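What follows is data_35.txt (compact mmCIF, C-alpha atoms and all ligand atoms).
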```txt
# COMPACT_ATOMS: atom_id res chain seq x y z
CA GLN K 1 -207.77 -186.19 -14.00
CA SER K 2 -207.83 -187.50 -17.56
CA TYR K 3 -208.02 -185.22 -20.58
CA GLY K 4 -210.97 -185.58 -22.89
CA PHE K 5 -209.67 -185.38 -26.47
CA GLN K 6 -211.78 -185.82 -29.60
CA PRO K 7 -211.19 -184.68 -33.20
CA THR K 8 -214.38 -182.57 -33.02
CA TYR K 9 -213.27 -180.62 -29.94
CA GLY K 10 -212.34 -176.95 -30.03
CA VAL K 11 -208.96 -175.72 -31.21
CA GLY K 12 -208.25 -174.34 -27.73
CA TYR K 13 -208.90 -177.82 -26.33
CA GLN K 14 -207.12 -179.55 -29.22
CA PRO K 15 -203.94 -181.41 -28.18
CA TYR K 16 -200.61 -179.66 -28.66
CA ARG K 17 -197.12 -181.10 -28.23
CA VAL K 18 -194.73 -178.71 -26.46
CA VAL K 19 -190.99 -179.40 -26.21
CA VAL K 20 -188.92 -177.11 -23.98
CA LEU K 21 -185.15 -177.29 -24.45
CA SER K 22 -182.88 -175.84 -21.75
CA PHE K 23 -179.09 -175.55 -21.97
CA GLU K 24 -177.06 -175.01 -18.82
CA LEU K 25 -174.54 -172.17 -18.71
CA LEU K 26 -170.79 -172.56 -19.16
CA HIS K 27 -169.38 -174.28 -16.07
CA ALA K 28 -167.80 -177.40 -17.62
CA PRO K 29 -166.08 -178.50 -20.84
CA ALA K 30 -168.36 -177.87 -23.81
CA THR K 31 -169.62 -180.98 -25.58
CA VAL K 32 -172.48 -179.65 -27.76
CA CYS K 33 -171.74 -177.35 -30.71
CA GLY K 34 -172.70 -176.87 -34.34
CA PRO K 35 -171.11 -176.95 -37.79
CA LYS K 36 -168.96 -173.90 -38.48
CA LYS K 37 -167.68 -173.67 -42.07
CA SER K 38 -165.85 -175.52 -44.84
CA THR K 39 -164.03 -174.21 -47.90
CA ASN K 40 -161.89 -175.53 -50.74
CA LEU K 41 -158.11 -175.20 -50.43
CA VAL K 42 -155.93 -172.98 -52.63
CA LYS K 43 -152.15 -172.79 -53.00
CA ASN K 44 -149.30 -170.61 -54.31
CA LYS K 45 -150.91 -167.29 -53.26
CA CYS K 46 -150.66 -165.84 -49.77
CA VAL K 47 -154.07 -165.90 -48.09
CA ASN K 48 -155.66 -165.91 -44.63
CA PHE K 49 -156.24 -169.38 -43.17
CA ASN K 50 -157.99 -170.80 -40.10
CA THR L 1 -195.75 -189.24 -31.68
CA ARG L 2 -195.88 -191.12 -28.36
CA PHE L 3 -195.41 -188.35 -25.78
CA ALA L 4 -195.81 -188.46 -22.02
CA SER L 5 -198.34 -186.43 -20.04
CA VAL L 6 -197.63 -183.00 -18.59
CA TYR L 7 -197.57 -184.33 -15.02
CA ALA L 8 -195.26 -187.18 -16.12
CA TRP L 9 -193.15 -185.08 -18.49
CA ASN L 10 -190.11 -187.00 -19.70
CA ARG L 11 -186.59 -185.59 -19.82
CA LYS L 12 -184.14 -186.32 -22.63
CA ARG L 13 -180.49 -185.49 -21.92
CA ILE L 14 -178.39 -184.53 -24.96
CA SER L 15 -174.63 -183.97 -24.71
CA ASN L 16 -171.33 -185.04 -26.28
CA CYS L 17 -172.50 -184.51 -29.85
CA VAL L 18 -172.78 -181.89 -32.60
CA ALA L 19 -176.12 -180.06 -32.63
CA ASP L 20 -177.78 -178.96 -35.88
CA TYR L 21 -180.21 -176.10 -35.20
CA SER L 22 -180.66 -175.21 -38.89
CA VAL L 23 -183.47 -177.76 -39.28
CA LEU L 24 -185.28 -176.45 -36.20
CA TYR L 25 -185.89 -172.85 -37.31
CA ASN L 26 -186.28 -173.71 -41.02
CA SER L 27 -189.20 -176.16 -40.61
CA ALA L 28 -192.78 -175.05 -41.23
CA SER L 29 -194.20 -177.98 -39.23
CA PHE L 30 -193.80 -175.98 -35.99
CA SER L 31 -196.61 -173.51 -35.32
CA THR L 32 -194.87 -171.97 -32.28
CA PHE L 33 -191.09 -171.54 -32.00
CA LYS L 34 -189.75 -169.00 -29.50
CA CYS L 35 -186.41 -168.78 -27.69
CA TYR L 36 -185.83 -166.98 -24.38
CA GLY L 37 -182.43 -165.47 -23.61
CA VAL L 38 -180.51 -166.26 -26.81
CA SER L 39 -181.42 -165.50 -30.41
CA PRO L 40 -182.19 -168.72 -32.34
CA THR L 41 -179.66 -168.00 -35.10
CA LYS L 42 -176.72 -167.22 -32.80
CA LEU L 43 -177.29 -170.59 -31.10
CA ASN L 44 -175.49 -172.03 -34.14
CA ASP L 45 -172.32 -170.22 -32.98
CA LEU L 46 -172.14 -171.13 -29.27
CA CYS L 47 -171.44 -174.21 -27.16
CA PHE L 48 -172.79 -175.43 -23.83
CA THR L 49 -172.26 -178.25 -21.33
CA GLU J 1 -147.18 -210.31 -16.68
CA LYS J 2 -147.35 -212.17 -20.01
CA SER J 3 -151.07 -212.88 -19.75
CA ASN J 4 -154.48 -211.28 -19.20
CA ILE J 5 -154.80 -211.94 -15.46
CA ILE J 6 -154.63 -208.15 -15.11
CA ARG J 7 -157.15 -206.76 -17.56
CA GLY J 8 -158.67 -203.43 -16.47
CA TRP J 9 -158.95 -200.96 -13.60
CA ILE J 10 -161.32 -199.34 -11.10
CA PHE J 11 -160.84 -195.62 -10.63
CA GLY J 12 -162.47 -192.62 -8.99
CA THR J 13 -163.15 -190.73 -5.78
CA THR J 14 -164.35 -192.32 -2.48
CA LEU J 15 -166.57 -195.14 -3.76
CA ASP J 16 -169.72 -194.90 -1.63
CA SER J 17 -172.39 -194.48 -4.34
CA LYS J 18 -171.77 -190.73 -4.20
CA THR J 19 -170.11 -188.01 -6.29
CA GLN J 20 -168.96 -190.00 -9.33
CA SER J 21 -166.70 -192.84 -10.48
CA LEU J 22 -164.85 -194.11 -13.57
CA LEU J 23 -164.56 -197.60 -15.01
CA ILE J 24 -161.98 -197.59 -17.80
CA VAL J 25 -162.74 -201.31 -18.16
CA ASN J 26 -161.99 -203.14 -21.40
CA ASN J 27 -162.84 -206.56 -22.85
CA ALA J 28 -160.65 -206.77 -26.00
CA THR J 29 -163.42 -205.75 -28.41
CA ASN J 30 -164.56 -202.63 -26.52
CA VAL J 31 -162.80 -200.23 -24.16
CA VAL J 32 -166.01 -199.27 -22.37
CA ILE J 33 -165.67 -196.15 -20.21
CA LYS J 34 -168.70 -195.39 -18.05
CA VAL J 35 -168.89 -192.82 -15.26
CA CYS J 36 -172.20 -194.05 -13.87
CA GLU J 37 -173.10 -194.41 -10.18
CA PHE J 38 -171.84 -197.99 -10.04
CA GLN J 39 -172.54 -199.40 -6.58
CA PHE J 40 -169.28 -201.20 -5.78
CA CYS J 41 -169.88 -203.34 -2.72
CA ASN J 42 -166.74 -205.41 -2.03
CA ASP J 43 -165.93 -207.05 -5.35
CA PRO J 44 -163.47 -206.12 -8.12
CA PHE J 45 -163.89 -209.55 -9.72
CA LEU J 46 -162.97 -210.09 -13.37
CA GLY J 47 -165.91 -211.01 -15.57
CA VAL J 48 -164.97 -214.24 -17.32
CA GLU J 49 -167.52 -216.98 -20.48
CA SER J 50 -169.95 -216.88 -17.55
CA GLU J 51 -170.85 -213.37 -16.37
CA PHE J 52 -169.49 -209.97 -15.24
CA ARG J 53 -169.51 -209.17 -11.50
CA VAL J 54 -167.96 -205.71 -11.09
CA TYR J 55 -171.10 -203.73 -10.25
CA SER J 56 -174.31 -204.26 -8.29
CA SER J 57 -176.46 -201.37 -9.59
CA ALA J 58 -176.01 -198.46 -12.00
CA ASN J 59 -178.00 -195.34 -11.13
CA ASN J 60 -177.00 -192.37 -13.32
CA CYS J 61 -174.95 -192.83 -16.50
CA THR J 62 -173.23 -189.74 -17.89
CA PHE J 63 -170.51 -190.78 -20.38
CA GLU J 64 -169.80 -193.68 -22.73
CA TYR J 65 -166.80 -194.30 -24.99
CA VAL J 66 -165.94 -197.12 -27.41
CA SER J 67 -162.66 -197.87 -29.20
CA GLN J 68 -160.28 -200.72 -29.97
CA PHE J 69 -137.33 -211.27 -22.41
CA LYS J 70 -140.94 -210.12 -22.01
CA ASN J 71 -143.19 -207.19 -22.89
CA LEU J 72 -143.54 -204.20 -20.55
CA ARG J 73 -147.12 -202.91 -20.83
CA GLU J 74 -146.78 -199.48 -19.24
CA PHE J 75 -149.36 -196.75 -18.62
CA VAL J 76 -149.51 -193.20 -17.24
CA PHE J 77 -152.65 -191.58 -15.81
CA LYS J 78 -153.18 -187.85 -15.30
CA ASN J 79 -156.10 -185.56 -14.50
CA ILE J 80 -155.59 -181.83 -15.07
CA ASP J 81 -157.64 -178.82 -16.20
CA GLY J 82 -160.75 -180.99 -16.19
CA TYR J 83 -159.30 -183.51 -18.65
CA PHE J 84 -158.36 -187.13 -17.98
CA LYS J 85 -155.35 -188.30 -19.99
CA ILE J 86 -153.85 -191.75 -20.53
CA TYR J 87 -150.50 -192.56 -22.14
CA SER J 88 -149.16 -196.03 -22.86
CA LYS J 89 -146.44 -198.14 -24.43
CA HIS J 90 -145.76 -201.84 -24.94
CA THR J 91 -142.00 -202.14 -25.52
CA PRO J 92 -135.94 -202.35 -16.76
CA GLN J 93 -133.25 -200.23 -18.43
CA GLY J 94 -133.36 -198.17 -21.61
CA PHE J 95 -135.17 -195.02 -22.67
CA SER J 96 -138.55 -194.75 -24.38
CA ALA J 97 -141.21 -192.09 -24.94
CA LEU J 98 -144.95 -192.33 -24.32
CA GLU J 99 -147.68 -191.37 -26.77
CA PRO J 100 -151.19 -190.08 -26.00
CA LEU J 101 -154.18 -192.37 -26.43
CA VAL J 102 -157.35 -190.53 -25.31
CA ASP J 103 -158.49 -187.20 -23.82
CA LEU J 104 -161.62 -187.55 -21.70
CA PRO J 105 -163.36 -184.21 -21.00
CA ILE J 106 -165.01 -185.54 -17.80
CA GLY J 107 -163.45 -183.21 -15.24
CA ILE J 108 -164.55 -185.10 -12.12
CA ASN J 109 -162.21 -185.32 -9.13
CA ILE J 110 -160.42 -188.60 -8.38
CA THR J 111 -158.48 -189.63 -5.28
CA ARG J 112 -158.38 -193.44 -5.42
CA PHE J 113 -157.87 -196.42 -7.73
CA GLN J 114 -157.75 -200.21 -7.68
CA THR J 115 -156.50 -202.95 -9.99
CA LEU J 116 -158.84 -205.69 -11.20
CA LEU J 117 -156.26 -208.51 -11.43
CA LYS R 1 -202.16 -143.02 -15.05
CA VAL R 2 -203.86 -141.78 -18.26
CA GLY R 3 -200.93 -141.39 -20.63
CA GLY R 4 -199.16 -143.61 -23.15
CA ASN R 5 -201.26 -144.81 -26.09
CA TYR R 6 -199.54 -146.11 -29.24
CA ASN R 7 -197.28 -143.05 -29.37
CA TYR R 8 -194.24 -143.84 -27.18
CA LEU R 9 -192.95 -146.91 -28.97
CA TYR R 10 -189.71 -148.91 -29.28
CA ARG R 11 -188.06 -150.98 -32.02
CA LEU R 12 -187.03 -154.64 -31.91
CA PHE R 13 -185.61 -154.55 -35.45
CA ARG R 14 -182.33 -156.41 -35.83
CA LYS R 15 -179.74 -157.60 -38.38
CA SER R 16 -178.76 -153.96 -39.12
CA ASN R 17 -176.45 -152.27 -36.61
CA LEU R 18 -176.88 -148.51 -36.92
CA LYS R 19 -173.94 -146.11 -36.90
CA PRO R 20 -173.69 -143.57 -34.06
CA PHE R 21 -176.05 -140.59 -34.36
CA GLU R 22 -178.37 -142.08 -36.99
CA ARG R 23 -182.13 -141.72 -37.47
CA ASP R 24 -183.82 -145.08 -38.10
CA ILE R 25 -187.24 -143.78 -39.13
CA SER R 26 -188.10 -146.82 -41.31
CA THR R 27 -191.76 -147.24 -40.36
CA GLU R 28 -192.14 -150.47 -42.32
CA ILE R 29 -193.37 -153.98 -41.59
CA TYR R 30 -190.25 -156.14 -41.30
CA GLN R 31 -190.24 -158.99 -43.81
CA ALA R 32 -187.48 -160.64 -45.83
CA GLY R 33 -189.64 -161.77 -48.76
CA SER R 34 -187.33 -164.74 -49.32
CA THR R 35 -186.36 -168.12 -47.88
CA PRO R 36 -185.20 -167.07 -44.35
CA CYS R 37 -188.74 -166.35 -43.12
CA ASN R 38 -190.78 -169.57 -42.80
CA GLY R 39 -189.60 -170.42 -46.33
CA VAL R 40 -192.23 -168.19 -48.00
CA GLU R 41 -193.05 -164.52 -48.47
CA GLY R 42 -195.45 -162.75 -46.12
CA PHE R 43 -194.72 -164.89 -43.05
CA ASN R 44 -192.60 -163.75 -40.10
CA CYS R 45 -193.73 -160.29 -41.27
CA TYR R 46 -193.95 -158.49 -37.95
CA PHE R 47 -193.55 -154.74 -37.76
CA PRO R 48 -190.84 -154.02 -35.12
CA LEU R 49 -193.07 -151.39 -33.55
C1 LIG W 201 -167.58 -206.04 -24.18
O1 LIG W 201 -168.46 -205.22 -23.41
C2 LIG W 201 -169.46 -204.54 -24.19
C3 LIG W 201 -170.24 -203.67 -23.23
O2 LIG W 201 -170.78 -204.43 -22.16
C4 LIG W 201 -170.34 -205.57 -24.91
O3 LIG W 201 -171.30 -204.90 -25.72
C5 LIG W 201 -170.68 -204.26 -26.86
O4 LIG W 201 -170.66 -202.80 -26.77
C6 LIG W 201 -171.91 -202.09 -26.90
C7 LIG W 201 -172.62 -202.17 -25.56
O5 LIG W 201 -172.06 -201.26 -24.62
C8 LIG W 201 -172.76 -202.58 -28.07
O6 LIG W 201 -172.23 -202.04 -29.28
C9 LIG W 201 -172.81 -204.10 -28.17
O7 LIG W 201 -173.60 -204.64 -27.12
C10 LIG W 201 -171.42 -204.70 -28.13
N1 LIG W 201 -170.67 -204.34 -29.32
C11 LIG W 201 -169.76 -205.15 -29.88
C12 LIG W 201 -169.08 -204.62 -31.11
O8 LIG W 201 -169.50 -206.25 -29.42
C13 LIG W 201 -169.47 -206.50 -25.75
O9 LIG W 201 -170.27 -207.53 -26.33
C14 LIG W 201 -168.38 -207.12 -24.90
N2 LIG W 201 -167.51 -207.96 -25.71
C15 LIG W 201 -167.06 -209.16 -25.32
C16 LIG W 201 -166.18 -209.88 -26.29
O10 LIG W 201 -167.36 -209.63 -24.23
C1 LIG W 202 -179.65 -189.07 -10.74
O1 LIG W 202 -179.97 -187.81 -11.35
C2 LIG W 202 -181.21 -187.25 -10.92
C3 LIG W 202 -181.42 -185.98 -11.73
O2 LIG W 202 -182.30 -185.08 -11.07
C4 LIG W 202 -181.18 -187.00 -9.42
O3 LIG W 202 -182.44 -186.50 -8.99
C5 LIG W 202 -180.85 -188.29 -8.68
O4 LIG W 202 -180.71 -188.03 -7.29
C6 LIG W 202 -179.56 -188.90 -9.22
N1 LIG W 202 -179.29 -190.17 -8.57
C7 LIG W 202 -178.10 -190.48 -8.06
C8 LIG W 202 -177.99 -191.84 -7.42
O5 LIG W 202 -177.14 -189.72 -8.11
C1 LIG W 203 -163.95 -181.25 -7.08
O1 LIG W 203 -163.95 -180.83 -5.71
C2 LIG W 203 -164.22 -179.44 -5.52
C3 LIG W 203 -164.07 -179.16 -4.04
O2 LIG W 203 -163.19 -180.08 -3.43
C4 LIG W 203 -165.62 -179.12 -6.05
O3 LIG W 203 -165.87 -177.73 -5.90
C5 LIG W 203 -165.72 -179.52 -7.51
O4 LIG W 203 -167.05 -179.32 -7.98
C6 LIG W 203 -165.32 -180.99 -7.70
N1 LIG W 203 -165.33 -181.33 -9.11
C7 LIG W 203 -166.44 -181.68 -9.77
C8 LIG W 203 -166.27 -182.00 -11.23
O5 LIG W 203 -167.54 -181.73 -9.22
```
Please lay out the structure from this file as structure tokens.
Amino acid sequence: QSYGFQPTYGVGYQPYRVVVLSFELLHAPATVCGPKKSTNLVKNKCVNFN
Amino acid sequence: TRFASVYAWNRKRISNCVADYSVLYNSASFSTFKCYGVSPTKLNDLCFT
Amino acid sequence: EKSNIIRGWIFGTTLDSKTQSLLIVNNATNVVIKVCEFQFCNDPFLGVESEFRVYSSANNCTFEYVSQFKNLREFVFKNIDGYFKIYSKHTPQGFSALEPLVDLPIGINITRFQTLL
Amino acid sequence: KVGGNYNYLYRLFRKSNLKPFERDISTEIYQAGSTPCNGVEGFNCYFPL
């Protein structure tokens, strides 16, 4: 059955866009990640590096 | 803006790329934003298939 | 073979439109690597310029990759730890070492291969 | 059956791991009052109670 949508309808009946994102658990090589960090480089003093 | 109906909900598969979640939880255009299982911030420190 | 009669490969598990498959098929400009459900009927024909008959239908795509005396074009294929690895060299006695080219994170099983030719 | 009424209450407060044997009696509405809460002050202000 078709929705009836009009700009004068109630807020409860107003349209709403819902996006559900689902990520599967770890069972394969990981291909989606995010940015981690970046930092300027220094020299001639012993520091911790990654 | 063109979205499918609830009965004909479309599926978009995203993989093999870098995901930027910082825009998602820092945008005021979303009235409802809730994550089940994992905290939204820590999602920027994990990887999935 | 000092020509392009042999160009690419067909590769994967038992090809019956099930499980998965691998192309690793290249056309000079693009080394296109798709792992879609390519329905291979009976034809590993080279696409020459007329058309490309290697596949009948493509159901579910999952991966895509794009990149760039005689000569001995030599290759080595491995699949281990869920990674597909290819090594190659261009220039039978003598000793030479092989250098990595790509590292595909696919992880699918493979038990069969064919040459286009 | 006729018992708990706004007295036996838990805390969903986060971003501050408490040391062992500590009393977290901060009965305050949780808000950052800065950028990391909807980008303005007063929003995402939920009391973790
Ligand atoms: C080689 O095959 C590819 C894939 O069929 C052809 O398409 C190229 O690659 C992708 C499509 O998968 C797109 O970027 C373009 O359609 C093409 N890109 C470029 C840079 O050509 C491609 O045209 C084929 N090349 C030849 C010479 O036949
Ligand atoms: C393609 O993937 C969908 C995902 O649900 C599945 O239902 C379908 O059977 C798959 N088709 C083939 C040919 O594997
Ligand atoms: C490879 O085969 C095993 C069993 O033979 C199966 O459990 C596994 O899922 C297969 N690999 C993939 C990537 O599906």
Please compute the atom CA of residue 72 of chain J-atom CA of residue 8 of chain J distance, one decimal, in Å.
15.7 Å
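Take atom CA of residue 34 of chain K and atom CA of residue 30 of chain L: the distance between them is 21.2 Å.
Residues of protein, DNA or RNA lying at most 10 Å from ligand LIG 203 (chain W), when only C-alpha atoms and all ligand atoms are considered, are residues 27 and 28 of chain K; 13, 19, 20, 82, 106, 107, 108, 109 and 110 of chain J.
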10 Å shell around ligand LIG 201 (chain W) using only C-alpha atoms and all ligand atoms, listed as a ChimeraX atom specification
/J:25-34,47-49,51-52,64-68
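A distance cut-off of 7 Å from ligand LIG 202 (chain W), applied to only C-alpha atoms and all ligand atoms, picks out the residues residues 17, 18, 37, 59 and 60 of chain J.
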Using only C-alpha atoms, find each residue in chain L having at least one atom no more than 12 Å away from chain J; report its shortest atom-to-atom pair and that distance in Å (one decimal), rows by chain then rising number, as a tab-separated table.
```
residue	atom	partner	partner_atom	distance
L:13	CA	J:62	CA	9.3
L:14	CA	J:62	CA	10.2
L:15	CA	J:62	CA	9.0
L:16	CA	J:63	CA	8.3
L:17	CA	J:63	CA	11.5
L:49	CA	J:105	CA	10.7
```
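Between atom CA of residue 26 of chain L and atom CA of residue 14 of chain R the separation is 18.5 Å.
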Exercise answer, chain K residues close to chain J, 9 Å and only C-alpha atoms, as number ranges by chain
K: 28-31
Skip residue 36 of chain L itself and residues of its chain fewer than 4 positions away, then list as a VMD selection string all residues within 12 Å of it, counting all atoms listed in the file.
(chain K and resid 20 to 23) or (chain L and resid 40 43)
Write the selection just made, keeping C-alpha atoms, as an mmCIF file, in the frame of the given file?
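File result-v1.cif, as written:
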```cif
data_model
loop_
_atom_site.group_PDB
_atom_site.id
_atom_site.type_symbol
_atom_site.label_atom_id
_atom_site.label_comp_id
_atom_site.auth_asym_id
_atom_site.auth_seq_id
_atom_site.Cartn_x
_atom_site.Cartn_y
_atom_site.Cartn_z
ATOM 1 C CA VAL K 20 -188.920 -177.110 -23.980
ATOM 2 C CA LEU K 21 -185.150 -177.290 -24.450
ATOM 3 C CA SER K 22 -182.880 -175.840 -21.750
ATOM 4 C CA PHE K 23 -179.090 -175.550 -21.970
ATOM 5 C CA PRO L 40 -182.190 -168.720 -32.340
ATOM 6 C CA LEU L 43 -177.290 -170.590 -31.100
#
```
Can you pull out the residues contacting segment 27-43 of chain R? Cut-off 7 Å, using only C-alpha atoms, and skip same-chain residues under 4 positions away; I want them as a short mmCIF file (atom, residue, chain, number, x, y, z; two decimals) with C-alpha atoms, in the frame of the given file.
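Ended up saving to selection-v2.cif:
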```
data_model
loop_
_atom_site.label_atom_id
_atom_site.label_comp_id
_atom_site.auth_asym_id
_atom_site.auth_seq_id
_atom_site.Cartn_x
_atom_site.Cartn_y
_atom_site.Cartn_z
CA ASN L 26 -186.28 -173.71 -41.02
CA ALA L 28 -192.78 -175.05 -41.23
CA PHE R 47 -193.55 -154.74 -37.76
CA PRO R 48 -190.84 -154.02 -35.12
#
```
Identify the residues within 10 Å of coordinate (-197.9, -181.2, -28.8) (same frame as the file), considering only C-alpha atoms, and give the answer as a VMD selection string.
(chain K and resid 14 to 19) or (chain L and resid 1 3 30)
Could you save those same residues with C-alpha atoms as a short mmCIF file (atom, residue, chain, number, x, y, z; two decimals), in the coordinates of the input?
```
data_model
loop_
_atom_site.label_atom_id
_atom_site.label_comp_id
_atom_site.auth_asym_id
_atom_site.auth_seq_id
_atom_site.Cartn_x
_atom_site.Cartn_y
_atom_site.Cartn_z
CA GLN K 14 -207.12 -179.55 -29.22
CA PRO K 15 -203.94 -181.41 -28.18
CA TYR K 16 -200.61 -179.66 -28.66
CA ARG K 17 -197.12 -181.10 -28.23
CA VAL K 18 -194.73 -178.71 -26.46
CA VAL K 19 -190.99 -179.40 -26.21
CA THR L 1 -195.75 -189.24 -31.68
CA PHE L 3 -195.41 -188.35 -25.78
CA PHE L 30 -193.80 -175.98 -35.99
#
```
Compile the contact shell of residue 50 of chain K as a count of residues only: residues with an atom at most 12 Å away, counting all atoms listed in the file, same-chain residues fewer than 4 positions apart removed.
5
Output the contact residues of chain L with respect to chain R at a cut-off of 12 Å, based on all atoms listed in the file, as an MDAnalysis selection string.
chainID L and resid 22:33 39 41:42
Give me, as a ChimeraX atom specification, all polymer residues having an atom no more than 12 Å from residue 38 of chain J, counting all atoms listed in the file and skipping those fewer than 3 positions away in the same chain.
/J:10-12,15-23,34-35,41,43-44,53-62
